[PDB]
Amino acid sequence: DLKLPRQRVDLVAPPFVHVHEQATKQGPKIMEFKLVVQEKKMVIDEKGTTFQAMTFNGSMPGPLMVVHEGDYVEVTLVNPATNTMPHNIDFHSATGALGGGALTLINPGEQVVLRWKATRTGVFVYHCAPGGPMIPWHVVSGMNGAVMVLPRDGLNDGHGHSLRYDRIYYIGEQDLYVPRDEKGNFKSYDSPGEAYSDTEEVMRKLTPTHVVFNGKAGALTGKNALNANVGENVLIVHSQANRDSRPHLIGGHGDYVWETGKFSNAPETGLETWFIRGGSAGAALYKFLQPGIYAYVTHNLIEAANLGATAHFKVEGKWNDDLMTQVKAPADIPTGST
């Protein structure tokens, strides 16, 4: 019935994003994506703590999918027979049937194909939602990602001016609830099923043990820092499927921020810290002006520094002493000061 060109997209692992155009003169296409569920034990902190994760495509978050307004998105969801649980997928970008969750429930050994029309622009969460208490459990076990639906003309500033990004990163933030024994040590389990009852008890107290970007504390630091150059406009897409976050680029700003994540609304300008509502994605554009290390955090600094929620950008270029300078290096306080 639906007679449009089909285009297969190969997803890549976050924080990177598959190749796509910003502005396009192409008409609506059927964009084909495949997501494979993988249940697996993963390391989530720098002391080696593990937990029974559940993922789309082996990563937390799941990959970012990028399409344009008016496209049709055809998603094959695969639940391999090595998994132990039923899974599904709900797209906040889609209309009807609980975002598709009601049409995509699959047992291990099955697959399903859903098609939804991208009628609403913005960044949106997708997540597993099998039903009842399984919904939060699957989500906080890692089964969430995001989709970006761009306007066909690309981004604009809400006042008639085009905005173009040179680079795009997807930072998925995950709240985790890892059970502890009586001495406070983290517990380990041989399967998701075995972890469930203890995990639910932690979840009920609503306080995460870990808050991570890209699936583990320190994932986007050190040699996995994100790269940029002075003068580049970088789009940072941030999602949180379950709990609020307050992104902040230390030493920078959000030049243009869609904190509710929807491109039909004009962005706010010059933010210090923005706010991602749990269950949503947002996006921030920033043009780097200074080289050096930047920390991207949630500005609950306890979460950022002590629970895992810090990423680094490494920015190449020349220092601008007009914007900031050390006038006098650390020196002894003058004895003749009051």
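For every residue, the number given is its place in the sequence shown, counted from 1.
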Open item on the list: Tell me which stretch has the larger mean Cα B-factor in this entry, 260-268 or 188-196.
Closed with: 188-196
Task: Per the entry, higher mean C-alpha B factor between 24-32 and 57-65 - done: 24-32
Task: Highest-ranked of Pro247, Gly122, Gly154, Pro136 once sorted by CA temperature factor in the record - done: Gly154
- [ ] Could you tell me which one of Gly99, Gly172, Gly142, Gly222 shows the highest CA temperature factor in the PDB record?
- [x] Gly222
TODO: Taking the chain's C-alpha temperature factors as the reference, tell me which third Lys41 falls into: lowest, middle or highest.
DONE: highest
TODO: Report the third (lowest, middle or highest) to which the CA temperature factor of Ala13 belongs, ranking only the modelled residues of the same chain.
DONE: middle
Task: Among modelled residues of the same chain, the CA temperature factor third for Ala129 - done: middle
TODO: Rank-wise, by C-alpha B-factor, drop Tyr72 into the lowest, middle or highest third of its chain.
DONE: highest
Open item on the list: Ranking the modelled residues of this chain by C-alpha B-factor as given in the entry, is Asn306 in the lowest, middle or highest third?
Closed with: middle
